[PDB]
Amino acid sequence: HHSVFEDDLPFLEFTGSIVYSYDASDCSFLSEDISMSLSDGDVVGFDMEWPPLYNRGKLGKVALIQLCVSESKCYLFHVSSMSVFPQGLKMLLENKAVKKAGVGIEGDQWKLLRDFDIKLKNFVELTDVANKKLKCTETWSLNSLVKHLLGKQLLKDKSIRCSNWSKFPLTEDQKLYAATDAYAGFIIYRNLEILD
């Protein structure tokens, strides 16, 4: 038996526009589109993915970067398929003008620097934002925050979450999973930020 709190909730699934990009210049211009749609201080949901196999003692190299810039649009930048890391994306990630939200985001900063020599700037750990805004002292996970604030749970097929994100092209399931994780970050920040 189990309590209501332990019941299986519906799955969170992004139903907006998922922009899939796998070419460097396309990505750079897309990054400029994002910049034209935001103003200083705006926050986007952030997340990334990497393949399963280990490389020289570390996690597989980042293969996908996701940016949810609004409730109806999320970008999937399949950098593992790009000949060079898109300059426009680099500038966007290193731009203090745009805040990036997520969980375990500090770890993402480290891996991003190691894999591409890019310095993620102005990121916010959702765990801290929640504790501050919800006035508590909990150890949150993206999933527990989604349950608490949205009454839903994150898609959980392990074979998909740990799939070969470097394989081109991404499957519809991979795109949905990746997009929704960044979407969760965006919605959580927005819902928390409004409180006061």
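Between two forms, the rigid core is defined as the largest C-alpha subset superposing within 1.5 Å. All residue numbers are counted from 1 along the displayed sequence.
Averaged over structures and residues, the CA distance from the shown form in 4 other deposited structures of this protein after a core fit is larger for 54-62, of the two stretches 26-34 and 54-62.
Here 153-161 and 59-67 are compared by their mean Cα B-factor, and 153-161 comes out higher.
Going by the entry's values, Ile105 shows the largest Cα B-factor out of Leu113, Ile105, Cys74, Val79.
In the PDB entry, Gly45 places in the lowest third of its chain by CA B-factor. For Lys90, the recorded CA temperature factor ranks within the middle third of the chain's modelled residues. Among the modelled residues of the chain, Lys96 sits in the highest third by CA temperature factor in this PDB entry. When the CA B factors of the chain's modelled residues are split into thirds, the value for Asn143 lands in the middle one.
Annotation for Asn131: C-alpha temperature factor in the middle third relative to the rest of the modelled chain, per the entry.
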